[PDB]
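Here's the structure we're looking at; comments come further down.
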Amino acid sequence: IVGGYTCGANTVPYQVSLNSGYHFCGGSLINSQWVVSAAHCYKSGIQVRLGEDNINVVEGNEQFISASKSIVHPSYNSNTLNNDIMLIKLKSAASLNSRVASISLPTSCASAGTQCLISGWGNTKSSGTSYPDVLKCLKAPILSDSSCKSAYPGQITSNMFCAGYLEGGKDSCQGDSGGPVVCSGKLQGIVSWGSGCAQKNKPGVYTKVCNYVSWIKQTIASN
Amino acid sequence: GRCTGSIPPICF
Ligand SMILES: [Ca+2]
């Protein structure tokens with residue numbers, strides 16, 4: 001996260017880190033046994049790390065649980081990033097409390113201008129790289145679909161939205177992929193792609209979670 | 001470039 005702030009320990013209790021011997025993506029806990037992340041984050045050997053703040057120090061609220069199932073949307077296109085969503089089933093249920101908690105799925109899509117919270121352990125620099133120890137946060141608005149399309153001609157599908165800034169300096173970046181965009185207490189977005197990070201006129205692009213609620217519920221029910 | 005914020009990035 002570029003241009004953001006230190007969240008504070010366990011203030012984003014649905015935020016998870018996906019770990020394969022290193023942090024490589026974020027995700028969002030949606031019930032005690034399931035996480036939502038980006039399809040582009042798929043790999044074998046995922047360990048889900050819940051209750052993290054400092055991802056480099058064991059502090060006491062961590063739960064480390066192996067993925068049992070990692071389910072990429074059947075229509076994910078890796079060239080366009082359409083349908084950039086994956087469901088991860090945990091091998092055992094997480095213990096839910098104030099510091100490890102699920103986030104609600106949307107009952108409707110969010111409107112342009114709605115302020116959202118974007119979080120992750122990604123890069124905090126727009127030029128070069130620096131990776132934080134602790135979780136970072138950014139408040140960012142949903143942009144109009146026309147502004148999104150003007151920014152990214154020919155590239156924005158009905159399953160994507162833009163959030164953030166056009167003036168530069170505030171965005172999700174390397175290591176934030178798969179993580180949450182939460183608006184009014186609902187998971188509306190997944191960190192998906194952009195042209196660089198925090199560049200002028202190039203806002204972040206996010207998977208539009210409200211389109212997938214029925215798919216998520218059916219997938220969980222059947223697995 | 002057009003890239004994902006994964007480690008490593010996926011760019012296009
Ligand atoms: Ca830790």
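Ordered as shown in the structure tokens, chains take letters A, B, and onward, while each chain numbers its residues from 1 and ligands are numbered from 1 in the order shown.
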Interface residues on chain A facing chain B, 7 Å, only C-alpha atoms, written as a list in words: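 Selected residues: residues 24, 25, 41, 173, 174, 175, 176, 177, 192, 193, 194, 195 and 196 of chain A.
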Export, as a short mmCIF file (atom, residue, chain, number, x, y, z; two decimals), in the first residue's frame, the selected residues with N, CA, C and O atoms.
data_model
loop_
_atom_site.label_atom_id
_atom_site.label_comp_id
_atom_site.auth_asym_id
_atom_site.auth_seq_id
_atom_site.Cartn_x
_atom_site.Cartn_y
_atom_site.Cartn_z
N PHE A 24 3.05 -13.73 -0.24
CA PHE A 24 2.97 -13.47 -1.66
C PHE A 24 1.66 -12.83 -2.10
O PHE A 24 1.60 -12.31 -3.21
N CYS A 25 0.64 -12.80 -1.26
CA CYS A 25 -0.67 -12.24 -1.62
C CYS A 25 -1.45 -12.08 -0.32
O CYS A 25 -1.14 -12.73 0.68
N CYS A 41 -3.42 -15.17 -7.76
CA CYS A 41 -2.62 -15.63 -6.61
C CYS A 41 -2.55 -17.15 -6.45
O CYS A 41 -1.88 -17.64 -5.55
N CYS A 173 -0.34 -2.06 -4.23
CA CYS A 173 0.86 -2.34 -5.02
C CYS A 173 1.35 -3.77 -4.79
O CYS A 173 0.63 -4.63 -4.35
N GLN A 174 2.62 -4.03 -5.14
CA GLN A 174 3.19 -5.35 -5.13
C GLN A 174 3.14 -5.95 -3.72
O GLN A 174 3.76 -5.40 -2.77
N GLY A 175 2.50 -7.14 -3.60
CA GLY A 175 2.27 -7.79 -2.34
C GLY A 175 0.87 -7.57 -1.76
O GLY A 175 0.53 -8.26 -0.82
N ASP A 176 0.08 -6.68 -2.36
CA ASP A 176 -1.27 -6.45 -1.91
C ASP A 176 -2.31 -7.29 -2.64
O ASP A 176 -3.45 -7.42 -2.19
N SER A 177 -1.93 -7.89 -3.78
CA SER A 177 -2.84 -8.68 -4.58
C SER A 177 -3.64 -9.69 -3.80
O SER A 177 -3.14 -10.34 -2.89
N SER A 192 -6.56 -6.58 -7.75
CA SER A 192 -6.37 -7.33 -8.97
C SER A 192 -5.21 -6.79 -9.83
O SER A 192 -4.19 -7.50 -9.99
N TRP A 193 -5.27 -5.56 -10.40
CA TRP A 193 -4.20 -5.10 -11.29
C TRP A 193 -4.24 -3.58 -11.40
O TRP A 193 -5.12 -2.93 -10.86
N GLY A 194 -3.24 -3.04 -12.06
CA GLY A 194 -3.17 -1.64 -12.43
C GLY A 194 -1.97 -1.35 -13.29
O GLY A 194 -1.16 -2.22 -13.51
N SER A 195 -1.84 -0.15 -13.83
CA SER A 195 -0.66 0.22 -14.57
C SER A 195 0.33 0.87 -13.60
O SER A 195 0.08 1.96 -13.06
N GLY A 196 1.33 0.13 -13.19
CA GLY A 196 2.15 0.56 -12.09
C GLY A 196 1.41 0.65 -10.78
O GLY A 196 0.34 0.05 -10.57
#
Each chain A residue no farther than 12 Å from ligand 1, nearest pair in Å, only C-alpha atoms and all ligand atoms, as a tab-separated table:
residue	atom	partner	partner_atom_place_in_ligand_line	distance
A:9	CA	ligand 1	1 (Ca)	9.8
A:10	CA	ligand 1	1 (Ca)	10.4
A:16	CA	ligand 1	1 (Ca)	11.1
A:17	CA	ligand 1	1 (Ca)	10.1
A:23	CA	ligand 1	1 (Ca)	11.4
A:49	CA	ligand 1	1 (Ca)	8.6
A:50	CA	ligand 1	1 (Ca)	9.0
A:51	CA	ligand 1	1 (Ca)	7.6
A:52	CA	ligand 1	1 (Ca)	4.8
A:53	CA	ligand 1	1 (Ca)	5.4
A:54	CA	ligand 1	1 (Ca)	4.5
A:55	CA	ligand 1	1 (Ca)	4.2
A:56	CA	ligand 1	1 (Ca)	5.6
A:57	CA	ligand 1	1 (Ca)	4.5
A:58	CA	ligand 1	1 (Ca)	4.2
A:59	CA	ligand 1	1 (Ca)	5.2
A:60	CA	ligand 1	1 (Ca)	7.2
A:61	CA	ligand 1	1 (Ca)	7.5
A:62	CA	ligand 1	1 (Ca)	6.1
A:63	CA	ligand 1	1 (Ca)	9.3
A:64	CA	ligand 1	1 (Ca)	10.0
A:121	CA	ligand 1	1 (Ca)	11.8
A:133	CA	ligand 1	1 (Ca)	8.8
A:134	CA	ligand 1	1 (Ca)	8.4
A:135	CA	ligand 1	1 (Ca)	10.1
Saved selection, atoms kept: N, CA and C atoms, as a short mmCIF file (atom, residue, chain, number, x, y, z; two decimals), in the first residue's frame:
data_model
loop_
_atom_site.label_atom_id
_atom_site.label_comp_id
_atom_site.auth_asym_id
_atom_site.auth_seq_id
_atom_site.Cartn_x
_atom_site.Cartn_y
_atom_site.Cartn_z
N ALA A 9 -2.66 -3.05 15.11
CA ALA A 9 -2.78 -4.50 15.21
C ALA A 9 -4.18 -4.99 15.30
N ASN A 10 -4.52 -5.91 14.37
CA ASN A 10 -5.75 -6.64 14.37
C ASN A 10 -6.99 -5.76 14.21
N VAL A 16 -6.02 -11.66 5.68
CA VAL A 16 -5.09 -12.76 5.78
C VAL A 16 -3.89 -12.53 4.87
N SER A 17 -2.80 -13.21 5.25
CA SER A 17 -1.63 -13.30 4.41
C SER A 17 -1.56 -14.71 3.85
N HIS A 23 5.46 -14.26 2.24
CA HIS A 23 4.19 -13.62 1.94
C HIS A 23 4.13 -13.33 0.46
N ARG A 49 -2.36 -17.35 6.79
CA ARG A 49 -1.95 -16.77 8.08
C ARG A 49 -2.96 -15.73 8.50
N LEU A 50 -3.70 -16.03 9.53
CA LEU A 50 -4.76 -15.22 10.10
C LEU A 50 -4.23 -14.51 11.32
N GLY A 51 -4.92 -13.42 11.74
CA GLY A 51 -4.54 -12.72 12.96
C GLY A 51 -3.19 -12.05 12.93
N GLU A 52 -2.62 -11.80 11.74
CA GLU A 52 -1.33 -11.14 11.61
C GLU A 52 -1.37 -9.62 11.77
N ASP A 53 -0.32 -9.10 12.37
CA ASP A 53 0.01 -7.70 12.24
C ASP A 53 1.40 -7.56 11.65
N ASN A 54 2.41 -7.73 12.51
CA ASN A 54 3.76 -7.83 12.03
C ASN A 54 3.93 -9.24 11.42
N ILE A 55 4.08 -9.29 10.10
CA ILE A 55 4.19 -10.61 9.42
C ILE A 55 5.56 -11.28 9.60
N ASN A 56 6.50 -10.59 10.24
CA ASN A 56 7.84 -11.08 10.46
C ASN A 56 8.15 -11.46 11.90
N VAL A 57 7.18 -11.26 12.81
CA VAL A 57 7.39 -11.52 14.24
C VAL A 57 6.16 -12.29 14.75
N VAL A 58 6.35 -13.37 15.51
CA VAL A 58 5.23 -14.07 16.14
C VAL A 58 4.83 -13.22 17.36
N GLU A 59 3.66 -12.63 17.33
CA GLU A 59 3.21 -11.67 18.37
C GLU A 59 2.15 -12.25 19.27
N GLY A 60 1.47 -13.33 18.86
CA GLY A 60 0.36 -13.90 19.64
C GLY A 60 -1.13 -13.89 19.13
N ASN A 61 -1.43 -13.41 18.08
CA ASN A 61 -2.81 -13.64 17.64
C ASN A 61 -2.85 -14.49 16.37
N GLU A 62 -1.71 -14.98 15.92
CA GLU A 62 -1.64 -15.70 14.66
C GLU A 62 -2.34 -17.03 14.72
N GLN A 63 -2.98 -17.39 13.63
CA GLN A 63 -3.37 -18.77 13.36
C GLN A 63 -2.88 -19.12 11.97
N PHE A 64 -2.06 -20.16 11.86
CA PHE A 64 -1.53 -20.62 10.62
C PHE A 64 -2.29 -21.88 10.23
N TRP A 121 0.09 -5.93 3.00
CA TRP A 121 1.54 -5.86 3.34
C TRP A 121 2.39 -5.61 2.11
N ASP A 133 6.71 -4.27 7.76
CA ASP A 133 6.46 -5.36 8.69
C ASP A 133 4.96 -5.49 9.03
N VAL A 134 4.32 -4.36 9.28
CA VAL A 134 2.95 -4.34 9.81
C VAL A 134 1.96 -3.98 8.69
N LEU A 135 0.70 -4.28 8.98
CA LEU A 135 -0.36 -4.14 7.99
C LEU A 135 -0.62 -2.67 7.71
#
Just how far from CA of residue 202 in chain A is CA of residue 1 in chain A, in Å to one decimal?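 Atom-to-atom, CA of residue 1 in chain A to CA of residue 202 in chain A, that is 14.9 Å.
Reported to one decimal place, the separation of CA of residue 38 in chain A from CA of residue 153 in chain A is 22.1 Å.
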One number please: CA of residue 103 in chain A to CA of residue 36 in chain A, in Å, one decimal.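 Computing it gives 10.1 Å between the two atoms.
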